[PDB]
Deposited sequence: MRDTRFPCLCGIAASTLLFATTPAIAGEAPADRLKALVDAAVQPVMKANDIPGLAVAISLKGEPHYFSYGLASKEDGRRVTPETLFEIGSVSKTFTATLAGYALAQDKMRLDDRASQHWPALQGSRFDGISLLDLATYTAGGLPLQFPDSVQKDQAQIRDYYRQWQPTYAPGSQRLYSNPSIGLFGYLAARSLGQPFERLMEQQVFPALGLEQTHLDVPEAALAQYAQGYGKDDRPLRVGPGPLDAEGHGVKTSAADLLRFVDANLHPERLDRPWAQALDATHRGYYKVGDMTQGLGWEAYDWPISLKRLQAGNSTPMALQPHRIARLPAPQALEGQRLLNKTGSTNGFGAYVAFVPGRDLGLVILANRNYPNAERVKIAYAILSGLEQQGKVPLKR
């Protein structure tokens, strides 16, 4: 059984690490309440430090699930509603087009064509960020087109933080990470933990909200286990995780939630790859809005990809099978390949 599971995970990982020249990769699996770790290759090629389940990786956009969890907590505390106008939570935006844009539109990339990235002219400076949003004008009606945007979910996280009266980074570190039991999860890696921080193989406005998290395979599986069993947490945090398990609209095979993206399970590998493809990141898509928000549970795969320069992360879980998976690597390798690994493991289980 130990031999079967290792053969399954090796067969999924080893060829893809080889073909994508990935130095280091950490797998964490939650199987009917039991964790299993598979660690491959090197956290650093230069000093020969090996990947373990405690190695810290950059998870890029997977950070948006943490961001969605903080928002879920502000919703649970009645500090904000998803149908609030964005300018409600930041006076500097009153008079701007954010008077006409909901928190939901920001969270789900439908505010009306906020771009993939802040322009280069916008530096990590609160005043530059304020002025960017004040002058911004939509290309099309809010609620109509999905365009993947860091400025969009960045503003969602920043405003959720404003609704709670504290800076985003403080809330994440002081409240969110402790409430989820996560001591190896960081927006700002302590000097003491730097030896665990993997090297990547190849500081922005609202980077914390969009791309900020560094974590280990073991900590990210703790978060997936929380997502699989919100009822085991204290009630405010149970409610915060459930708010990330609500679907608002569909693009193709994908139902958009807060942070999480959902598919019917089973589904072909090719359709899971197409949901996670470059056109989904880079092009606008007309949404099919659902009659009412749908519970993202049962026969479904919830997933998120995330990348920085040097790093490539993937997380997926199947609520109705108590099945969870984490794949962290120190190369930004194609999403199609991350999903290839994940699908072989989830198929094999």
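Engineer: Missing CA coverage against the deposited sequence, listed in sequence order.
Structural biologist: Deposited residues absent from the model fall in 1 to 29, 232 to 240, 388 to 397.
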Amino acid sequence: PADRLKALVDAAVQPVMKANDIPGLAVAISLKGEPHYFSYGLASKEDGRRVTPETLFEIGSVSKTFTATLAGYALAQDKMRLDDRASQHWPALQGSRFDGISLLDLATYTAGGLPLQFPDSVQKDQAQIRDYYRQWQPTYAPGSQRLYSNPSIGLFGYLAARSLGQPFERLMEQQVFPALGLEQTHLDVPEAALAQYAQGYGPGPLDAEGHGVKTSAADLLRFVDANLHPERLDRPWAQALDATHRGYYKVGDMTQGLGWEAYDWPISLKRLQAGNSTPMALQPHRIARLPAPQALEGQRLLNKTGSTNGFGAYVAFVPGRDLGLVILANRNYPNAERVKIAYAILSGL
From here on, numbers count along this sequence of modelled residues.
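Engineer: Got a sec? Mean C-alpha B-factor, which is higher, 83 to 91 or 151 to 159?
Structural biologist: Looking at the record's C-alpha B-factors, the answer is 83 to 91.
Engineer: Of 282 to 290 and 300 to 308, which one has the bigger average CA B-factor?
Structural biologist: For C-alpha atoms only, the mean B-factor is higher in 282 to 290.
Engineer: If I read the C-alpha B-factors straight from the PDB entry, which of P178, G72, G143, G247 is highest?
Structural biologist: Among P178, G72, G143, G247, the highest C-alpha B-factor in the entry belongs to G143.
Engineer: In the PDB entry, which of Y109, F98, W260, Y201 has its C-alpha at the highest B-factor?
Structural biologist: Comparing C-alpha B-factors across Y109, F98, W260, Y201, the top value belongs to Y201.
Engineer: Among the modelled residues of its chain, does the C-alpha B-factor of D234 lie in the lowest, middle or highest third?
Structural biologist: Answer is highest: the recorded C-alpha B-factor places it there.
Engineer: Would the CA B-factor of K124 place it in the lowest, middle or highest third of its chain?
Structural biologist: For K124, the deposited C-alpha B-factor lands in the highest third.
Engineer: Taking the values exactly as deposited, rank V326 by C-alpha B-factor within its chain and report the matching third: lowest, middle or highest.
Structural biologist: For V326, the deposited C-alpha B-factor lands in the lowest third.
Engineer: C-alpha B factor of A342, ranked within the chain: lowest, middle or highest third?
Structural biologist: Its C-alpha B-factor, which the entry lists for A342, ranks in the lowest third among residues of this chain.
Engineer: Could you tell me which third, lowest, middle or highest, the C-alpha B-factor of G165 occupies within its chain?
Structural biologist: Answer is highest: the recorded C-alpha B-factor places it there.
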